[PDB]
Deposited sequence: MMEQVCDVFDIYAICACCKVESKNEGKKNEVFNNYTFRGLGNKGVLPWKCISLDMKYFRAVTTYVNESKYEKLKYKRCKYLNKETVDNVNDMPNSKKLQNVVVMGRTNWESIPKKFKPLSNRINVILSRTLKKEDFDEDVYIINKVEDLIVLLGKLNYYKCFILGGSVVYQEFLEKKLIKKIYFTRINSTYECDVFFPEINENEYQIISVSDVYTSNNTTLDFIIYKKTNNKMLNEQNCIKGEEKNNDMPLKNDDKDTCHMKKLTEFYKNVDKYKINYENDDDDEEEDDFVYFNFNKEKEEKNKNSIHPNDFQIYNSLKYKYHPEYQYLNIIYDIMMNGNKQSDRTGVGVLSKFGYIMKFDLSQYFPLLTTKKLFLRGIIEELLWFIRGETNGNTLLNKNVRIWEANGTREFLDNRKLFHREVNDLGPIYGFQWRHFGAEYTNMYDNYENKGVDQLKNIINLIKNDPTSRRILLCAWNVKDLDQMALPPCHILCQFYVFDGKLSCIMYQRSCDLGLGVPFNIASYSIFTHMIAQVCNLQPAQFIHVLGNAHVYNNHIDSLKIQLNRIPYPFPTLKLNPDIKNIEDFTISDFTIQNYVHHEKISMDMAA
């Protein structure tokens, strides 16, 4: 009915939060909620030294104005005050402490109307072109007399709190710094019943830390080439002809989001597309699946490590497997003895017998990945044989091509050995890896013939990202893009419920990957040379239930 202050005057809040230094309740499996990011400052200044990307975003946002949109805002505000009818600027409001924490050479903030809240100080105490007020109410009166686009609360713990309590914030531009720092001041705890995240930005790395930008929003407790657009969609099928019996509320949150730019959405959007338009098919098992054919995902390893955050994932296993491949092993016992059971089910007497591998020893997986990577072509005997210098050593070959013929368009690693397929516990899901080198950067494409979106893919994305880092390092290059190509992409029916829950979880800024820098050979890597940092994630999910 009657407009609210924050809407007429367009008062927004903008901030940057990191992870507080809670000693620990045990870094041993800690819960993560949005409240995880709340570190505002320490000892009167910022907890972190410098994060230029946040500064850049901060300046970009608080200074942008759209001239052509002001006229409409003028009417809004005047009409509200019952009032009939320099370059346009935004207004920034900051508490005294916050103001004093900013280096002289930056004050007053350029191209913005600075406003300062304070009691202890008055106009006489400032030499700068700045407005002083001692009552939040005073700011409202002021906005009514100024010509401005939008009003941002640059904050201060105190300032943020009262503005949220007085419910004067329309939106919260929140920067999530994904690293921990000592802090003495914190951002208020946002009430999800008052505010809900509506947009999540891409993830980036700046000054040794990943970070992203999300937007909280207050919740209710030419024109011709536009008609032509409508025309071209004249054949788009109607509604109630989508493909499956998926309910609306099933993805309430997921669809509430305006901008889903976080990389994890490349994966999540595929899960969604399959659930909405997938094809009903039976499979090698009997569970049945929803499937689509042909997808592609790209991850910028230079800005982050794509370890899904909408659910917990462990990497010790997939790393041991990767190391296991590199060694050219095919002995399933080697993994089991490290308590990794990725290949256990495919090495049992039963499994092997079903594959007509009657004379194969339990856990003797046959000429799979490892063997094909180091000995493609060699006649396979048993997992205990010495295959030294037999078969093509593909791994060695691609690492040499990356080093001495980087522009080669023949740097491929193929595990699909048509001749040995049958002798394998099962044909490889990851067919090949093609490498690309430019300006000292390594990118990698991996084609997957079969993809289990629910359980497999999340691990696959991680595996080949780590492998890219590995190949890149021993080749003296920086990892670039990991492009994942899916062939038969399917979601198992007994997974549909967990994934519905997953698509309604908002992603956290990705973590990072650190390899021991001393390892100069693809072969000398060991489990302790790998370290995942700042992995903020949602609660673990059991797909099968």
Problem - Deposited-sequence segments unaccounted for in the coordinates - result: 86 to 95, 232 to 282, 607 to 608
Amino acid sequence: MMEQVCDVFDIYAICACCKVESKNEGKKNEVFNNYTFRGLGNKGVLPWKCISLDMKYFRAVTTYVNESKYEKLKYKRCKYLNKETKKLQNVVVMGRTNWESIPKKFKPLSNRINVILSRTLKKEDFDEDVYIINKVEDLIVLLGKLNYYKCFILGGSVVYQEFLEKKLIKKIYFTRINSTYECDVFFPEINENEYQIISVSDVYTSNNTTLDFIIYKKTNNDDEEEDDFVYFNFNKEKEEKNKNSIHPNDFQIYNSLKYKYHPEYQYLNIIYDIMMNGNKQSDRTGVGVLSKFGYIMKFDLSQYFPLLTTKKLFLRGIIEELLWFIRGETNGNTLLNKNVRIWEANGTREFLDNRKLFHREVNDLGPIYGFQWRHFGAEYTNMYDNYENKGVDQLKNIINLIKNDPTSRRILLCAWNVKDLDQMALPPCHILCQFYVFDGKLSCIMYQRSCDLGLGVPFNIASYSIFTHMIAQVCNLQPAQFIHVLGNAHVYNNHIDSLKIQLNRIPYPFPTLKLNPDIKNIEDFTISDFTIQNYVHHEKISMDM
From here on, numbers count along this sequence of modelled residues.
Problem - 465 to 473 versus 236 to 244 - greater average Cα B-factor per the deposited record - result: 236 to 244
Exercise for the section: Determine, for stretches 307 to 315 and 180 to 188, which one has the higher mean CA B-factor as deposited. Expected result: 180 to 188
Handout entry: Maximum C-alpha temperature factor, selected from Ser52, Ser68, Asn488, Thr512
Key = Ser68
Problem - Per the PDB entry, maximal CA B factor within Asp283, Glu361, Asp202, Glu329 - result: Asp283
Fill in the blank from the handout: Chain-relative C-alpha B factor for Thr36 (record values, thirds): the highest
Practice task
Name the third of the chain's ranked CA B-factors that contains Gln481, choosing lowest, middle or highest.
Solution key: lowest
Fill in the blank from the handout: Temperature factor at the Cα of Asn82, chain-ranked in thirds, falls in the highest
Exercise for the section: Ordered by C-alpha B-factor within the chain, which third holds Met383? Give me lowest, middle or highest, please. Expected result: lowest
Completion exercise
Entry-reported C-alpha B-factor of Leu211 relative to its chain, by third, is lowest
